[PDB]
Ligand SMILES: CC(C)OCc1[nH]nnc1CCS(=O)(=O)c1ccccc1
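One chain comes next, on its own, written as structure tokens: the form deposited without the named molecule.
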């Protein structure tokens, strides 16, 4: 039932209900002549919605808001980007124009600015040191340490035991490292272990790209990152 690339024409977006009041959003982009899927999260926040991550670009993110209106019909009032790369901040300007309040850590905002990427409006305090967590509406935001990027956040939905790892967590089908240009390979397993330590009760774990699974995605990622380290 989870959608894959061949289900999703580029420019379209699918929603997937994970639990009561919790969805992923799935979109695709072409990169170097291959097509990659990308996940984000949507969490019901009373009669409003919280969005985690853009749908990887302006057109996708417009389509995302259109699909949310079509299928859920509650207002997206806030969005949080989990790190500074384009699959996470690309589309922030579309969200902002549509009246969504955009958020990221000050580390992410700064790195987005350096990269010339779109920059969320608001700055999330309380996430500066590895192991820091803050509640943000119906989710907990956690900074595990540097991993895929120095700023990467993960998002937990306590009502549903859903853990969204973003790009710090790989899907099982990914056997070799993704983009590690901005990674801290040295710290990435230590960061993954902080996630395990903080969220041992998680039932559904959503990678930045590809299929959900369970907490097995954590050690899977560590194995892949450690192999890449020793390449």
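Residue numbers count along the first chain shown, from 1. Shifts are known only where both forms have a C-alpha. For clarity, a rigid core is taken as the largest C-alpha set superposing within 1.5 Å between two forms.
One more form of this protein, solved in complex with the named molecule, exists but is not displayed; see below.
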Requested in this report: Give a yes or no for residue 151: in the entry with it bound, does one of its heavy atoms lie within 4.5 Å of a heavy atom belonging to the named molecule?
Outcome: no
Requested in this report: Verify the contact flag for residue 197: yes if a non-hydrogen atom of it lies within 4.5 Å of a non-hydrogen atom of the named molecule in the entry with it bound, no if not.
Outcome: no
Query raised in the report: Any chance residue 185 has a heavy atom within 4.5 Å of the named molecule in the entry with it bound?
Result: no
Report task. Give a yes/no on whether residue 164 approaches the named molecule to within 4.5 Å in the entry with it bound, heavy atoms considered. Result -> no
**Report entry** Partner-proximal stretch of 67-75, 81-89, 155-163, 125-133 relative to the named molecule in the entry with it bound, 4.5 angstroms, heavy atom
**Finding:** 81-89
Query raised in the report: Is any part of 165-199 within 4.5 angstroms of the named molecule in the entry with it bound by a non-hydrogen atom, and which residues would that be?
Result: 167, 174, 177, 178, 179
Query raised in the report: Superposed on the rigid core, which segments of at least three residues move by 2 angstroms or more at the Cα between this form and the one not shown?
Result: 31-33
